[PDB]
Amino acid sequence: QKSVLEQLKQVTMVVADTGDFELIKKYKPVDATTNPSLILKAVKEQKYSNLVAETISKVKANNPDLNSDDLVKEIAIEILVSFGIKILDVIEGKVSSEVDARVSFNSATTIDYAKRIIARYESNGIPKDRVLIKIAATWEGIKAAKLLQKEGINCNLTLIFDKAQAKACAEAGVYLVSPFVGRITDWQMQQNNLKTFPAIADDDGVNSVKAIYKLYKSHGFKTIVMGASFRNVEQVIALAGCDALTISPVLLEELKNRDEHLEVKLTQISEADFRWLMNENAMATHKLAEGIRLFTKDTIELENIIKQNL
Amino acid sequence: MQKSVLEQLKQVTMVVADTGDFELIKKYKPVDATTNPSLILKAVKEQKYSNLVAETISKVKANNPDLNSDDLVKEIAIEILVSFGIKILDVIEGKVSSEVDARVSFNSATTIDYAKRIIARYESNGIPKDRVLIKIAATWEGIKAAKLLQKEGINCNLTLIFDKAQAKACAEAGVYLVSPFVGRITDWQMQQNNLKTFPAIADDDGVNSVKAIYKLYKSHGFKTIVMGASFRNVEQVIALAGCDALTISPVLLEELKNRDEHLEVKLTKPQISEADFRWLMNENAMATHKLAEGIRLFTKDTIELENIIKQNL
Ligand SMILES: [Mg+2]
């Protein structure tokens, strides 16, 4: 008779995957995550058009030396931060804000973008303890995160598709990793033209998180495993007990409205090694690249919306 | 006088045979030949070579009695790859391409070491390095290794080329030759659009890829040889007549040898940083998939050959 959402919170850190901060307080998650697709959606849906207009004015005012393209890049960061700030008002934990996906193969520019996000939060009175910087888990992203963590900036290594890939993150001292459960299962279904989801025991996305969790706990890695990007509530339920799960508002609502018993299920690499191991994983090779391309398309669309409102 | 399409092609393009079978090579008279781990495995399994592994083990053990099992297997594998290259060189005037172990494809330093070991093994047999192309997968690390090998006068064949940015980086590194995999690019195109039949030549992504690389090279003054490889049918080869070079399977060479129509000549005459290369490759879903797949398939066959070796130790 307790809801599945309530029971899941007793064994796992529940995180809301959304930039629509007005939806968050219903669910009382500990943390929240945004990404370029979610920010774009929040901006396109217009509930927050005042916040957007006010952000553009402020950045223009404070940056009279920037030409058009530089001004737009700066507003795009300020927007990501303004949504994070509003999220932080309605949660007790941290918000994840993602670096521009276009710098995913450049460690130096990733480091600089990450520090810029942190500085903008600091300028707005938010200390870095409340923020995770999301970075795609290419080799360069991991190398950037290694340095950011040394400087006390916690990172959320996203677009995780392979276990070796997660192990390299942990080896770099990363705060948290996010395996993309639903996209791993999308590949599995696409491979065989499957129209129905696989049994949970045979669901590659669920199994991937299970394997990463078992590796971390047995080796004593402190990096948090946070399953992400789910296709349905059964995939979330399958991972009850995981350190953290970040869940869309639609699935959080399904978990809130479901009253059954929740069974609790869950209780060094060189660059050359990493690239070899990624190469051995056809799904991971494809999905990491695809993830960067899709987040890139959404970041470009957001820039266009900013350009239209200058 | 009138000549077959194969003999006409030799006049405008360097014709190269893509096989480890030296007897077949002999009858098409290509200038160069290319081998790879998949073709070497197929040859090794053929009845003619049933004692080749045991002989090579014998000879290799004898010359290195102090090596551990891993070290030995490795030496036998190079010896086998080189043995097929030598037999091919006995029957052609040009060069043979011999591929480094695909497992070192993300390690420039171990690629360089393997490439020099191949060159040394040929040299031990009296074959100078000007008759050999070392085949390296065109990952960024493969291009870095090739850049350094070329500096030492070791010519490389940069294989598994799927994108014009790889090809441009290879040229910028001064590599001797690049091999775009025409058939495999068309394979992706057909799977992407549920195509039941081959696209028109004008619309064939694999053919167009080589056309684009050839155009880019000539316009930039790059001397790197463009060599189209891995064809699906003879029409794709004919579509590239005039290309610097084309490496063609014996089945397709036989088709060209037997055609007699006129062959119309179709091709006539910023810098890429590592981050730029990785971004451009990332934008190309086909290239990202196909380069990784090519390394995996060559690796699977290299391991299969190692396993044949191990069961004979
Ligand atoms: Mg000679």
Side-chain angles (χ1 to χ4, degrees), chain A residues 164 269-270 272-273 275-277 279-280, chain B residues 19-25 33-90 96-127 129 132-137 141-142 145 154 159 293-313:
Chain A
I269 300 160
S270 72
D273 293 335
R275 295 188 186 282
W276 171 260
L277 296 165
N279 194 86
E280 287 284 280
Chain B
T19 181
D21 186 327
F22 75 91
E23 290 194 21
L24 289 178
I25 279 171
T34 47
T35 68
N36 66 46
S38 294
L39 297 172
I40 292 297
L41 179 61
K42 292 188 195 214
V44 158
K45 295 181 188 193
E46 304 183 7
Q47 191 59 8
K48 325 162 185 177
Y49 305 104
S50 69
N51 302 292
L52 182 59
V53 172
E55 292 165 2
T56 305
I57 293 182
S58 281
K59 176 191 183 195
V60 181
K61 274 210 169 70
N63 302 345
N64 314 248
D66 287 319
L67 296 185
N68 62 42
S69 177
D70 294 344
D71 293 322
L72 185 51
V73 172
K74 174 166 174 287
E75 224 75 42
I76 296 160
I78 295 180
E79 191 79 42
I80 295 176
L81 168 178
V82 172
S83 292
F84 280 96
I86 288 174
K87 293 299 179 185
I88 289 163
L89 293 172
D90 302 340
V96 70
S97 283
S98 295
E99 186 152 348
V100 308
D101 185 319
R103 288 169 299 187
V104 303
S105 295
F106 299 101
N107 187 323
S108 296
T110 64
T111 287
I112 292 163
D113 186 77
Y114 206 95
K116 291 188 177 184
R117 289 184 185 257
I118 292 175
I119 291 297
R121 196 62 48 92
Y122 280 107
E123 189 279 350
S124 287
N125 284 283
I127 298 299
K129 68 181 167 64
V132 178
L133 299 191
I134 300 298
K135 251 188 179 185
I136 298 169
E141 292 78 12
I154 292 168
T159 190
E293 178 187 72
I295 290 170
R296 287 193 301 275
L297 291 168
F298 291 150
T299 292
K300 176 178 194 285
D301 293 345
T302 295
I303 289 168
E304 177 168 346
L305 177 65
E306 279 200 325
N307 290 343
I308 292 163
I309 292 173
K310 293 174 172 175
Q311 70 180 326
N312 288 279
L313 292 188

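Hydrogens, waters and symmetry mates are skipped; everything else that's a heavy atom, side chains included, is used. Chain letters run A, B, ... following the sequence lines, proteins first, then strands; residues in each count from 1.
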Nearest heavy-atom approach of A:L277 to A:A164 is CD1-CB, 3.6 Å

CD1 of B:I308 to CG of B:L41, rounded to nearest 0.5 Å, is 5.0 Å

Look at B:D70 together with B:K74 and state whether they make a salt bridge at an N to O cut-off of under 4.0 Å. no

In short, B:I295 meets B:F106 closest at the heavy-atom pair CD1-CZ, 3.9 Å

With sequence neighbours left out, the residues meeting side chain to side chain contact (heavy atoms under 4.5 Å, CB included) with B:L81 are B:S98, B:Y114, B:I118

Rounded to the nearest 0.5 Å, the CD atom of B:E123 sits from the NZ atom of B:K116 at a distance of 14.0 Å

Rounded to the nearest 0.5 angstrom, the CD1-CD1 distance for B:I134 and B:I112 is 12.0 Å

Residues at least two apart in sequence or cross-chain that pass side chain to side chain contact (heavy atoms under 4.5 Å, CB included) with B:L39, listed by chain then number, are B:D18, B:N36

For B:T35 and B:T19, the nearest pair of non-hydrogen atoms, with its separation, is CG2-O, 3.8 Å

CG (B:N312) and OG1 (B:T56) are apart, to the nearest 0.5 Å, by 10.0 Å

Contacts satisfying salt bridge (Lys or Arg N to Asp or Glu O under 4.0 Å) that involve residues 50-62 of chain B (not counting sequence neighbours) are B:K59-B:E79

Side chain to side chain donor-acceptor pair (under 3.5 Å) filter on B:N63, not counting sequence neighbours, yields none

For residues 36-47 of chain B, the salt bridge (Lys or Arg N to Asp or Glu O under 4.0 Å) pairs (sequence neighbours left out) are B:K45-B:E304

The complete set of ring-ring contact (aromatic ring centres under 6.0 Å, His included) pairs with one or both residues in residues 41-65 of chain B, sequence neighbours excluded, reads B:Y49-B:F84

When rounded to the nearest 0.5 Å, the distance separating CD1 of B:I119 from CD1 of B:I127 is 10.5 Å

Donor + acceptor pair across side chains of B:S38, B:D301 (<3.5 Å)
yes

Hits for side chain to side chain contact (heavy atoms under 4.5 Å, CB included) against B:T110, two or more places apart or cross-chain, chain-then-number order -> B:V104, B:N107

Output for pair (B:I303 CD1, B:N307 CG), nearest 0.5 Å, gives 7.5 Å

Those residues at least two apart in sequence (or on a different chain) that pass side chain to side chain donor-acceptor pair (under 3.5 Å) with A:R275 are A:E140, A:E271, B:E141

Exercise for the section: Kindly say whether B:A109 contributes a backbone atom to a donor-acceptor pair with the side chain of B:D113 at under 3.5 angstrom? Expected result: no

Shortest non-hydrogen pair, B:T111 vs B:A145, comes out as CG2-CB, 3.5 Å

Side chain to side chain contact (heavy atoms under 4.5 Å, CB included) filter on B:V73, not counting sequence neighbours, yields B:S69, B:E306, B:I309, B:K310, B:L313

In terms of heavy-atom contacts, B:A137 and B:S105 come closest through CB-OG, 3.8 Å

The complete set of ring-ring contact (aromatic ring centres under 6.0 Å, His included) pairs with one or both residues in residues 294-313 of chain B, sequence neighbours excluded, reads none

Sorted by chain and residue number, the side chain to side chain donor-acceptor pair (under 3.5 Å) partners of B:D66 (sequence neighbours excluded) come out as none

message: I want to check something: taking the side chain as every heavy atom from C-beta on, are A:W276 and B:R103 in contact at a cut-off of under 4.5 Å?
response: yes

For residues 81-90 of chain B, the side-chain hydrogen bond (donor to acceptor under 3.5 Å, both in side chains) pairs (sequence neighbours left out) are none

Handout entry: Side-chain donor or acceptor of B:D21 paired with backbone N/O of B:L24 under 3.5 Å
Key = yes

